[PDB]
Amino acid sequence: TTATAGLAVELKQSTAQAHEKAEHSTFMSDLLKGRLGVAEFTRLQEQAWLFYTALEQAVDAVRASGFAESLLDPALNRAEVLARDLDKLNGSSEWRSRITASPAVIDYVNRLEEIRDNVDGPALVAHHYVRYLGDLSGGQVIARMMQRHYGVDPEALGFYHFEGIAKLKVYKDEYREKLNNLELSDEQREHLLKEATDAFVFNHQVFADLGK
């Protein structure tokens, strides 16, 4: 890992091992190869609604503070569209009163709520990068596989569609440019990098708990 090439590159390299671990978790691997089904995908999306809700509250806090404002684009917010997807997948709003956070999600949500409470800009950016750039990347493959293997209606995959964003690759390139332009102290940078690994660790455990 190097830091002489900018934060975007340092992040990518520093978290590469943790990304591989999350991406290849047994649950996700089985889901994408067609071994599971829409029920398991819905369970994942229910857990995701819980942590996206926490994430987006933290994003609102940090954006309001003035830190990384241009990076924290509200067009990225997923909680509302995800709730609409869940309404479709489950057939009603029943899920809202039924779902419960897995142990993994309890931990993940707790950390996001701590970031929100502390208004910890560097830590929030780490979590924002891990989730949203993942959605704009691997997420696109997930959406296609839900349609292909399980026949999920595209209208129940709004989470992955990012209404309001035109060119996707251009958007990611601009996102990385914004990361590179963030004014961070060495301590803040170190904190952001460590947190990004922790974000991937939380995500792997979410998949593990779904697999149980």
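Numbers for residues come from their place in the sequence shown, where the first is 1. Basically, rigid core = biggest C-alpha set you can superpose within 1.5 Å across the two forms.
> Figure out for me whether 139-147 or 64-72 is the more displaced stretch in 5 other deposited structures of this protein, taking RMS C-alpha distance from the shown form once the rigid core is superposed.
Farther on average in 5 other deposited structures of this protein: 139-147.
> Pick between 42-50 and 171-179: the one whose mean CA B-factor in the entry is higher.
According to the PDB entry, the answer is 171-179.
> Looking only at CA atoms, which has the higher mean B factor in the entry: 56-64 or 146-154?
Looking at the record's C-alpha B-factors, the answer is 146-154.
> Please work out which residue in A123, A79, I99, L86 has the highest C-alpha B-factor recorded for this crystal structure.
Reading the PDB entry, the winner on C-alpha B-factor is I99.
> Hey, what third does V206 fall into on Cα B-factor, ranked over its chain?
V206: CA B-factor falls in the lowest third of its chain.
> Among the chain's modelled residues, which third holds the C-alpha B-factor of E94?
It belongs to the highest third of the chain when residues are ordered by C-alpha B-factor.
> Can you tell me which third, lowest, middle or highest, the CA B-factor of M28 falls into for its chain?
It falls in the middle third of the chain.
> Please place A18 in the lowest, middle or highest third of its chain according to the CA B-factor in the PDB entry.
Middle third of the chain for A18's C-alpha B-factor.
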